Protein chains: 2
Amino acid sequence: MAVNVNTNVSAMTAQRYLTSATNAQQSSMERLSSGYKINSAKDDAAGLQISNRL
Amino acid sequence: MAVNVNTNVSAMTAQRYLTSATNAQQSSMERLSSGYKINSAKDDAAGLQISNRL
């Protein structure tokens, strides 16, 4: 490999998975508090339109 | 037929390999410090272009 210091590829990939998991956790903790699994349109576009009608 | 003081051929030969070594050493201790093996275009002209684009 390139045993270097200027680039840390292993850190970079673990960063992407850390951010993806943190934003997934942050996607939760607001469905618990609000009591709904859909509170923004990005969660379920189909669900928002139908649920508002019921 | 050949032993003299005016010309020291072996002295220049070892001198030539002395600078051929200290120039390679001069090229090192800069790649280590900077962390890049490409810091001037003379090291790799093609490598500089692709690395800069990347």
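Backbone-built Cβ (ideal geometry, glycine too); neighbour counts: all protein chains shown. Bear in mind that the values in this text are calculations on the coordinates, not laboratory data.
Using only the Cα atoms, what convex hull volume per residue in Å³ does chain B have?
91
In terms of Cα to Cα distance under 18 Å, which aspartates and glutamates are near enough to B:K42, apart from those fewer than 8 places away along the same chain?
Hits, sequence-local ones excluded: B:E30.
Could you tell me which of rounded, prolate or oblate describes the protein assembly as shown, using a ≥ b ≥ c as the square roots of the eigenvalues of the alpha-carbon gyration tensor, with rounded for a/c under 1.5 and, failing that, prolate when a/b is larger than b/c and oblate otherwise?
prolate
Find which of B:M1, A:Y36, A:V5 sits farthest along the positive direction of the dipole of the protein assembly as shown, computed with +1 on the beta-carbon of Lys and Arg, -1 on that of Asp and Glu, about the Cα centre.
The residue sitting farthest along the positive end of the dipole is A:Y36.
Give, rounded to the nearest 20 debye, the magnitude of the charge dipole that chain B has about its Cα centre when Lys and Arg contribute +1 at Cβ and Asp and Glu contribute -1 at Cβ.
About 80 debye.
Rounded to the nearest 0.05, what FRET efficiency do A:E30 and A:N8 give with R0 = 35 Å and r taken as the Cβ-Cβ distance? Could you check?
0.60
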